[PDB]
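Engineer: once you've seen the sequence and the experimental structure below, I've got questions.
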Amino acid sequence: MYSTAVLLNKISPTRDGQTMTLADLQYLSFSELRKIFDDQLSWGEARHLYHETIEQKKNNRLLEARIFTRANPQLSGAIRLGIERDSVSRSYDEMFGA
Amino acid sequence: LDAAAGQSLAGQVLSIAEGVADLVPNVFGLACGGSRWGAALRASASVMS
Amino acid sequence: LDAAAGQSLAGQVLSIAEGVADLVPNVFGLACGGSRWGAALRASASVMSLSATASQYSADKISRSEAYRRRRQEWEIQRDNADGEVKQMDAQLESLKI
Amino acid sequence: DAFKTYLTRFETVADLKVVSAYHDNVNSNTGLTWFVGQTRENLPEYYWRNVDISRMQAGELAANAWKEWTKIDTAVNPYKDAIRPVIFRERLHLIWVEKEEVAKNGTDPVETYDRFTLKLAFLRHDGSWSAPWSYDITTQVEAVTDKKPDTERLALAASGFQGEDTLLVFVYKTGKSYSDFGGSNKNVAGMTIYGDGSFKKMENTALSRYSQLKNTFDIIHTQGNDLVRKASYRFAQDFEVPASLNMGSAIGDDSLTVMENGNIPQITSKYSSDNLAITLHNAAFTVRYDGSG
Amino acid sequence: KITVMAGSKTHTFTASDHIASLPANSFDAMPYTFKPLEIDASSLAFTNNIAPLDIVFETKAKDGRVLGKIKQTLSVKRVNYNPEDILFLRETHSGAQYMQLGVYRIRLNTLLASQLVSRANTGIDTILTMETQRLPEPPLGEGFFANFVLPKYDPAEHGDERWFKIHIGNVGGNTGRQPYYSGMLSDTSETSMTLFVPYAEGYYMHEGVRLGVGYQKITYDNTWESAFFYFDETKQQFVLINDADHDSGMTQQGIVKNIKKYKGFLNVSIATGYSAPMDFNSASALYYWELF
Amino acid sequence: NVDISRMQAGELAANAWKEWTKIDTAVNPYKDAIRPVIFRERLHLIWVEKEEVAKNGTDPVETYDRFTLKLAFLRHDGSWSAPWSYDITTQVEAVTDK
Amino acid sequence: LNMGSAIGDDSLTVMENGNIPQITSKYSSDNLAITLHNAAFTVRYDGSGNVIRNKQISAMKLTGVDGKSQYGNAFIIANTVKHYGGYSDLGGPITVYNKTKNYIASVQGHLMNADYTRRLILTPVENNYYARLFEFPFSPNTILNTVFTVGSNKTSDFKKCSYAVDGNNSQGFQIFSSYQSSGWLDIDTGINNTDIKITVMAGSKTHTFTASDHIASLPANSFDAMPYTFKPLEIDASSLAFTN
Amino acid sequence: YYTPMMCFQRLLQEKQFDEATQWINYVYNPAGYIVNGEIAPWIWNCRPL
């Protein structure tokens, strides 16, 4: 019922001239977030921000596991015949090297 | 075996309901009646079993 | 025992069909009616009882199978003990001939 | 052989066809939709499931948002397809109508008539079904079908009025469109069921109150005689607002004081003209000097 | 004080004016109970038919110490029984049941059981094959299947992100864009998809139905930029209006002169007689996975 | 069933025939009006039953025969389904001239 | 009729999703007419799970320098390609020659180090740096799967250049990776609508429906899936030889 | 009180220590109880105690 972009704009800037992003709130519990942003966020807004942070953390964990599963050298491999290299896999390689 | 005990216990409400339902007359016209007088008692015996 | 459980499960469709059939009135003329008001309820109770009986038969079958398996394990232990005894006697023979 | 038995069960479950649905919300943006389904084989075997449509993203629903078909075991013998789920008292109820052939006693020419009975059961905590409450709706059915239920498709709709903790059950004649209820409109009849199982047949004044619910009634398509069922919906007047709010407790600075028993027991709503007024009654909280140990 | 916020309005009810009975001044429990508080909640910002109302119970001393603060949010849901926002169930003559909400249709049942009998006449080696798992399903009512081909990823043309979205246009009464599909562009090859576009008599608004693709930094939804389809009563089939440039062409509202080819898509066509294979992310996904 | 595609000069090998299998679905046909049929690629059994019904609300209680066409099918596990039933009294009377 | 799938010559292409969904019959007067509605099949470039699929298909699929596409051209490929040596086993720089545009397209899977300058050497001696005949630098250094636009018709020298070296440094020789050549094959990618046909035979009569006349809509010209769908095909099946 | 304690005792007897801890934390938890995302002020979760 809220918008994460609007809530992040209400909380920005993060003491660094940067837009507050969901990664920076990884990090602190719901009570901590409510205490820190007690003046800028309501109860529902803080709950929504906390839930979105948790979901983003879960999504990033899933993506990392998905990349490493296909990058594993142990599947090289007669099972490698049914393995495809994803565009996200290529992007992760081009960003983080080896 | 646990599931068997649960299924055995599950039929008691249905037994009581059948005993309640069979007490209602089921023949009409110029010859009424049809109630099973021992329906509730049979339902109680069935739930005991 | 497996066949017994299957036969117990086989009667539930017939029980439900009988409950459906007995709800239709069966006397006509100047005295109409005859519907068994508790037919569907009795059919449901019957299928519950048949389910319980089938579960009991299946449990008995699985219990007997597991008893046979454990009995075979104890037989294997006895066989190993006898083999070890034979080997130990074969070594005692060399000691005795020395 | 075991696989063939499994295939028999699989065919039975896969042959299910949905017959009625209920949405547990005042709008289609969140909530659960509960479906009742029927088997192809010539038995009164009924299953139920639900889906969380709040997971809908651009019309795509993930497979984990759905729920397994679960069989109803309570001796349900509905009349035609007049069986539908409903939720009130926060639990799943199954409501249907049965038809019987009865005769009036003490008439030298024995004339027979159809007796229509509304039955209502609920799902208990352990997965079993209760003994259904039974009500007589023969007068309502005859009134709405003009004493021609063989030719007209009698239809049942059930909605949950959570604000009053009641169940609104409408019996109507399936048509192409519906006008406002009560008064001149005799194709819709209404019944109100309370939390204890008691019932009250609705009059014209109360029937006119739920006239906006007609958008959730089954209709016959104008382009060809095609039935289009519609999910029933939870009912609210204009806005659904919770009736109470347990605010909670809090611990003050330096672990010196505690705020306790904060709650708003009564929250009422009034939608007059186009302005909403929300009243909070007897809002209370306690302040106490107490460290939490 | 108790402070409530409803959208843009903010009310404060202090214990000086809105108190029912003030407790005895003591160090033990002091219960404060308020009079009925009235809130003019006529400016609540309703997003997806639900709006929040913030309630804060606050108590502070003269020193500034927060004796107690309790925040909470109340959800006010707006009743919406409009006929275009009501879920309805239909069953086609082929046996497919679907639940429709707005423009979206969802398959509710499955018809694999009927087709499994002939397979099961032979051994299960015939049931558990890829051919059986690729059995087509009947379509969800009246409509057509459109084949879209989207290009290789080009940062210059599409943007810094490889995602794309597809929007549908003149359906129901909404002229605006409604999200219909989403995906990610492949940086090595094109992406081919086949979308089922629904249909009803009078469902398509002026000029027909639009399907367009957006990438961020560009959204090809100008005039004649998205693919237009319509239902020709004469040939009794669905036709693409702007498959090529035209000085005149037939559309839902008759002949229109200036027709420009669609943009964004590498290729758009109509797949005639196309029936999608069974879906393993559908309502029967659990049963399909358990069987196979 | 028999596979007459194995027929050679009117001689059928004994392996082309199939064992008799009992039908257990409460079949009570009228005279010998029971026959098998195959549609939907599975075995169906179709028969007719005769019952004696009277017309309600007539001072001379007149009895007539009601003929019901029943249809069941053989399921995957060798069990029989519950029969569909249709009323064909009008057709039966028309073809037999009452 | 679910016709099925097929694998073409040299394990280069696959024909998939071949099916006739509707087959109708009409017996009017004495002649029998059989109609096949929406006969469809998809042609795709794909190998039956070996080096050819992973390497040569992607090599031709790489967009050309001038005008992308690269479909309908003529290529020279290798039969079997195997790793030889060097530092490690990368994806291995495998080369495909486009002979109508004079192109070298290389394919690789991994890179050892971005900081080390790398280029392609094609030489029949592998370990001899001066005995090369093709040397192509990577335009970005930290990139794979690039095309080079030789310019000359060095098809003969391309065939004599067995092996393919991705190391190719002057700080010594420094072979990072190297692959083999084995055999040689020549293919053409262009297709003919008169050659994309469905032929039916009913008794003594034979009817051919080519994609020039009986097609519904041609697919997009690409190396990916190309589905061909035909118009309702009518067959005069009035001379079928009925035995039993 | 009586039912969670019985369940905890049975799980402890069967040596399902994590489940037993979960079932006794309905009555008493030395770390407190999380209500509305914060530590509750009460020490015992069973109100009559």
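Structural biologist: It's in. Residues are numbered from 1 along each chain as shown, chains lettered A, B, ... in the order given.

Engineer: mind listing what's buried along stretch E:40-51?
Structural biologist: Buried residues in stretch E:40-51, defined by neighbour count with 16 or more other Cβ atoms under 10 Å in any protein chain shown: E:41-42, E:44, E:49-51. Using the backbone N, CA and C atoms, a C-beta is placed for each residue, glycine as well.

Engineer: run a quick neighbour tally on the residue nearest to residue E:121 when sequence neighbours are not counted.
Structural biologist: Nearest non-adjacent residue to residue E:121, counting by Cβ to Cβ, 6 or more residues apart in numbering or on different chains: residue F:41, 6.3 Å away. Residues within reach of residue F:41, counting by other Cβ atoms under 10 Å in any protein chain shown, total 13.

Engineer: among the buried residues of stretch E:40-51, which lie within strands?
Structural biologist: E:50-51 (DSSP state E).

Engineer: what residues does chain G put near chain E?
Structural biologist: Within chain G, the residues that sit near chain E (Cβ under 8 Å from any Cβ of the partner chain) are G:2, G:21-22, G:37-38, G:40, G:58, G:61, G:63, G:216-217, G:219-220, G:222-225, G:227, G:229.

Engineer: selecting buried members of those residues in PyMOL, what would you type?
Structural biologist: Of the residues of chain G next to chain E, the buried ones can be selected in PyMOL as follows, counting by 16+ other Cβ under 10 Å:
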select buried, chain G and resi 38+40+58+61+216+217+219+220+222+223+224+225+227+229
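
Engineer: against residue D:47, how distant is residue D:76?
Structural biologist: The gap separating residue D:76 from residue D:47 is 11 Å, by Cβ to Cβ, to the nearest Å.

Engineer: likewise for residue H:44?
Structural biologist: 44 Å.

Engineer: and if you look at residue H:32?
Structural biologist: Distance from residue H:32 to residue D:47, by Cβ to Cβ: 44 Å.

Engineer: flag every buried residue along the host helix or strand of residue E:56.
Structural biologist: Assessed by DSSP states H and E, residue E:56 sits inside strand E:50-60. If you call a residue buried by 16+ other Cβ under 10 Å, then strand E:50-60 has these buried ones: E:50-59.

Engineer: from those, which are also near chain A?
Structural biologist: By Cβ under 8 Å from any Cβ, the members of these lying near chain A are E:50-52, E:54.

Engineer: excluding its backbone neighbours, what's nearest residue 25?
Structural biologist: Since no chain was named, I'll use chain A. Using Cβ to Cβ, 6+ apart, the nearest residue to residue A:25 is residue A:53, at 4.8 Å.

Engineer: try chain G instead
Structural biologist: Spatial nearest neighbour of residue G:25, excluding adjacent residues (Cβ to Cβ, 6+ apart): residue G:34 at 5.6 Å.

Engineer: if the one you found is in a bridge, with which residues?
Structural biologist: In this entry, residue G:34 is beta-bridged to residue G:25, residue G:235, by DSSP bridges.

Engineer: output the longest strand seen in chain D as CSV, nothing but the C-alphas.
Structural biologist: Identified as the longest strand of chain D according to DSSP E is strand D:91-103. Extracted C-alpha coordinates of strand D:91-103, given in CSV (Å, rounded to 0.1, in the frame of the first residue of the first chain):
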residue,chain,number,x,y,z
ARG,D,91,-13.2,-20.0,9.4
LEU,D,92,-14.3,-21.8,6.2
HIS,D,93,-18.0,-22.5,5.9
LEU,D,94,-19.7,-24.6,3.2
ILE,D,95,-23.3,-23.6,2.4
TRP,D,96,-25.6,-25.4,0.0
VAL,D,97,-29.3,-26.2,-0.7
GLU,D,98,-31.0,-29.6,-0.9
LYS,D,99,-34.3,-30.4,-2.5
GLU,D,100,-36.7,-33.1,-1.2
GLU,D,101,-40.1,-34.3,-2.4
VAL,D,102,-42.7,-33.9,0.4
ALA,D,103,-46.5,-34.1,0.5
